[PDB]
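Here is how the chains run, residue by residue.
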Amino acid sequence: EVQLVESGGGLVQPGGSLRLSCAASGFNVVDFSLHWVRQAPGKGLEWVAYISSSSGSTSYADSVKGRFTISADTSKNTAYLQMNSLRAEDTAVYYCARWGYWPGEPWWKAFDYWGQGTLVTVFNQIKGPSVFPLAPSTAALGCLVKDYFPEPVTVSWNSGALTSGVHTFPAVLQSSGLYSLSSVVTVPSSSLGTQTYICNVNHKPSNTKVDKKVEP
Amino acid sequence: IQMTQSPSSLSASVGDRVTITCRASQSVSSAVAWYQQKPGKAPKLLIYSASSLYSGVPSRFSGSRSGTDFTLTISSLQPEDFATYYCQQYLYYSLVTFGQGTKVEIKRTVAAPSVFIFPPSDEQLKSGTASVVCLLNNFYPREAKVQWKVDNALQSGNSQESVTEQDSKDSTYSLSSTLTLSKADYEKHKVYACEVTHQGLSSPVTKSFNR
Amino acid sequence: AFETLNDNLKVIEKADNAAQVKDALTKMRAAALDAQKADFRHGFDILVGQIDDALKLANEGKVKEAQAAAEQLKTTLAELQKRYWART
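Residues numbered from 1 in each chain as written, not as in the entry; some residues may be left out. Chains lettered and ligands numbered in written order. Part of a larger assembly, values for the part shown. Heavy atoms only, no water.

Regarding how it was determined, this PDB entry cites cryo-EM in its header, along with a resolution of 7.4 Å.

So, about the overall build of chain C. Counting its secondary structure elements, chain C contains 5 helices and 0 strands. Starting at the N terminus and walking to the C terminus, you meet the elements of chain C as α-α-α-α-α. Relative to the globule expectation of 12 Å for 88 residues, the C-alpha radius of gyration of chain C, 12 Å, shows essentially globular dimensions. Viewed in the frame of its principal axes, chain C has a C-alpha envelope of about 40 × 20 × 20 Å. The buried share of chain C, taken over its 88 residues, is 43%. Taken together, the 14 basic and 14 acidic charged side chains of chain C have centroids lying 2 Å from each other. (Helix = DSSP H or I, 4+ residues; strand = E, 2+ residues; numbered from the N terminus. Rg over C-alpha atoms; globule rule 2.2 N^0.38 Å. Buried < 20%, exposed > 50% of the residue type's maximum accessible area, 1.4 Å probe, protein only. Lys, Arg positive; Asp, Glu negative; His and termini not counted. Charge placed at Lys NZ, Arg CZ, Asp CG, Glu CD.)

On to the interface of chain A and chain C, then. Of the residues lining the interface, 7 residues belong to chain A; the matching set on chain C comes to 10 residues. Across the chain A/chain C interface, buried area totals approximately 620 Å², and carbon plus sulfur atoms make up 61% of it. Three residues stand out in chain A for area buried against chain C, namely A:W102, A:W107 and A:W108, and they jointly supply 63% of the buried area on that side. Summed over the shared surface of chain A and chain C, the number is 0 salt bridges. Inspection of the region where chain A meets chain C yields 0 residue pairs in polar contact. Mapped by element, the contributors of at least two residues to the side of chain A that touches chain C are β6 (57–60) and α1 (105–108) of chain A. (Contact = heavy atoms within 4.5 Å. Buried area = accessible area lost by both parts, 1.4 Å probe. Salt bridge = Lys/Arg side-chain N within 4 Å of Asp/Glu carboxyl O. Polar contact = N/O pair within 3.5 Å; in protein donor to acceptor, adjacent residues only side chain to side chain.)

Another point: the sheet that holds strand β5 (residues 45–52) of chain A. Sheet strands line up and pair through hydrogen bonds in the backbone, either parallel or antiparallel. Residues and elements named next belong to chain A. What the 6 strands build is an open sheet, ordered β2-β10-β9-β4-β5-β6; its pairing is mixed. Of all the strands in the sheet, just β2 (11–12) and β6 have a single pairing partner and so form its edges. With 4 bridges joining them, β5 and β6 adopt antiparallel strand pairing. Bridged to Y50 within β6 is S59. (Pairing = 2+ DSSP bridges.)

Across all of its chains, the model carries 4 disulfides over all chains by this definition. Between the sulfur atoms of A:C22 and its disulfide partner A:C96 the distance amounts to 2.0 Å. Taking the sign of the S-S torsion, about -80 degrees here, the bridge from A:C22 to A:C96 comes out left-handed. Placement of A:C22 in strand β3 (residues 18–25) and of A:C96 in strand β9 (residues 92–99) is noted, with a sequence separation of 74 residues between them. Classification of A:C22 by relative accessible area gives buried; the value is 0%. One disulfide in the model links B:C22 with B:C87; its S-S distance is 2.0 Å. (Disulfide = S-S within 2.5 Å.)

Time to look at the nonpolar core. If you look at the biggest cluster of nonpolar residues, it comprises 103 residues, and the most contacted ones within it are A:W36, A:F68, A:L81, A:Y94, B:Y90 and C:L47. With 8 residues, the top contributor of residues to this core is helix α2 (residues 18–37) of chain C. The contacts of A:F68, once residues within four sequence positions are left out, are A:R38, A:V48, A:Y60, A:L81, A:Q82, A:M83, A:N84, A:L86, A:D90 and A:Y94. If you look at the next biggest cluster of nonpolar residues, it comprises 23 residues, including B:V132, B:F139, B:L181 and B:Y186. (Core = buried A, V, L, I, M, F, W, Y, C linked by side-chain atoms within 4.5 Å.)

Let us look at the pairing of strand β8 (residues 78–83) of chain A. Residues and elements named next belong to chain A. For β8, the tally of buried residues reaches 5 of 6 residues, placing the bulk of the element in the interior. Where β3 meets β8, 6 bridges bridge the pair, whose relative direction is antiparallel. Within β8, the position partnered with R19 by the bridge is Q82. With 5 bridges joining them, strand β7 (residues 69–73) and β8 adopt antiparallel strand pairing. Of the residues in β8, the one forming a bridge with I70 is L81.

This part is about the pattern of salt bridges. What the rule picks out here adds up to 16 salt bridges over all chains. Between B:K103 and B:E165 there is a salt bridge, with its nearest N and O atoms 2.9 Å apart. On the criterion of sequence distance, the pair formed by B:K103 in strand β11 (residues 102–105) and B:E165 in the loop between β16 (159–163) and β17 (175–182) is long-range, its members being 62 residues apart. On the accessibility criterion, B:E165 (45% relative accessible area) is partly exposed. Close ionic contact of C:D23 with C:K27 constitutes a salt bridge, the shortest N to O distance being 2.9 Å. With a gap of 4 residues between them, C:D23 and C:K27 both fall in helix α2, about one helical turn apart. Looking at C:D23, the relative accessible area reads 38%, which means it is partly exposed. Each of C:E79, C:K82 and C:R83 takes part in salt bridges that share partners, so that together they form one network.

Listed below in structure tokens is the structure:
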């Protein structure tokens, strides 16, 4: 079975260097050029670089030329993408594509098989969340999670007992570079003053566990 | 070259017909491909050479070309065809540009939003930042312009909006507009309000608190 | 399709930078694939292969080699026109 798997994506300081490798299985790199395409979180696909190991050619996008250096290793059947001088606009999911060789049908196939994709994020620092309650006035209440990095954080109400009507909005990157998301749940106003609603957040990278209680 | 794709967001129910138009900047012969990115997964090829059907996808997808204008047409939608469709040209190895991206959404009857306003908690004011939150639950369509008025003066530049995805049972959105003010600026004024202008509302509704 | 190839083949012999040689070969390749769709088909796999060879040289920044490597394309293209007008 033809498949491609990437590795190496992870937290990197801005201006640092990161190496992505596209381990190819089920075919030979000499018979197919390998391309790298990145997708910024929540945006459209964009092209990065390619290498044609049969001929040794190599090109880069106009916005990336001079920083990335893509190389292939036929013996190990992988293609390495070396990333240097990373900036804040290089956070994305890097997919490893495949593409046939002209002439014939395989050239027309375009990127028929794609990799899983590895997430590369440039980070300044990692800190745990600081959750603030949202006081209720059907009454809606929630816990606002602000200034946490990196993704993700899971919000569970009453240790998972409550799961009806609870929304967890996607994390939005603030100006300072740290995400901040809020979660709300609508409950009947009759039972607002009869039971205690407890919101707990888990942040795996920082091992932060905060248990905040919301009150009217 | 540049590749413009329209519409950027369209709604169609199960069994409806969907047409997505992609227009290249210059002539690209017949080098256009259409991808289908489910949320959070790698794109999958659907049409290649702008008219041929890639083997392994259902036959309902079809492509067309009229000079430099291309089209992806779905004969009959199914609940497995609700994702983002991208238009790619591949004229040369180093001239690949993708389209903006068309998202297909479930269509349902208009539902009015219920708007809440949450004053900042006393715990948050200790740090030095105050963030009021305007909340909208179970509304459709997604477009709902929420404007913040402080002392009846419109506020701009200090509001972040985040919209959840379609629900799995009733297919309704939920928007949350957060207005961020420094503690010094929050104390100067006394009345805050967020207005919601939505189709399901005959007139804009403002929920306000004063403190 | 043949008018695009011949008109842009004068641009390559006139351009003096890698920006205009690469751009001309892009239009020349886009027509070569387009003409192929309409032994004759196997006559274009050689031509498109020679456009790739010239475009690869012009991509590396060697404008002088590309204009020298596009001369060999002129003879191959002229043979197709002579062969096609005989068939029609």
